[PDB]
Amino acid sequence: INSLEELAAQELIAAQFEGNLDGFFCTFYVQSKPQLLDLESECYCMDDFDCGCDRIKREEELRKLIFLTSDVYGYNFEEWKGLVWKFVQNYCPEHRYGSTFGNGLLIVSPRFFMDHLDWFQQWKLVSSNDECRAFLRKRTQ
């Protein structure tokens, strides 16, 4: 049922989303049981200085919440979006020196992806920070 529901979405991504959910410096994956510990770090700055481990730890915390809140029926969808927005705010594109750029990773369950197909289709077309902020703004309904 986990594979079975994951399979339909992965087939649906192939069919209608051209094999991917890449958006603006961020892509979504659709998995029933993600290996979230494989996406973590162990990070200490010594001698009490913000080296940037916090930024890392915050990113992991938010990816986790974005998944866990997606993996249940009926979570507040605007509050979910606000979490994505905080992730997006905290992301800082690892642009490999020259003119290269990379994508932040987020994960959502298959049930959630398939309750929100139109939304994930728009996600892919986001082209700026300014559009992104508008797209993720917490509407009432």
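When you see a residue number, it is the position in the sequence shown, counting from 1.
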{"property": "Stretch with the higher entry mean CA B-factor, where the candidates are 60-68 and 98-106", "result": "98-106"}
{"property": "Of 116-124 and 7-15, the one with larger mean CA B-factor", "result": "7-15"}
{"property": "Ranked against its chain, the third holding the CA B-factor of residue 36", "result": "middle"}
{"property": "Residue 82 CA temperature factor, ranked by third within the chain", "result": "lowest"}
{"property": "Modelled-residue ranking by C-alpha temperature factor, third containing residue 29", "result": "middle"}
{"property": "Third assignment of residue 53 from its chain's C-alpha B-factors", "result": "middle"}
{"property": "CA B-factor placement of residue 91, once the chain's modelled residues are sorted into thirds", "result": "middle"}
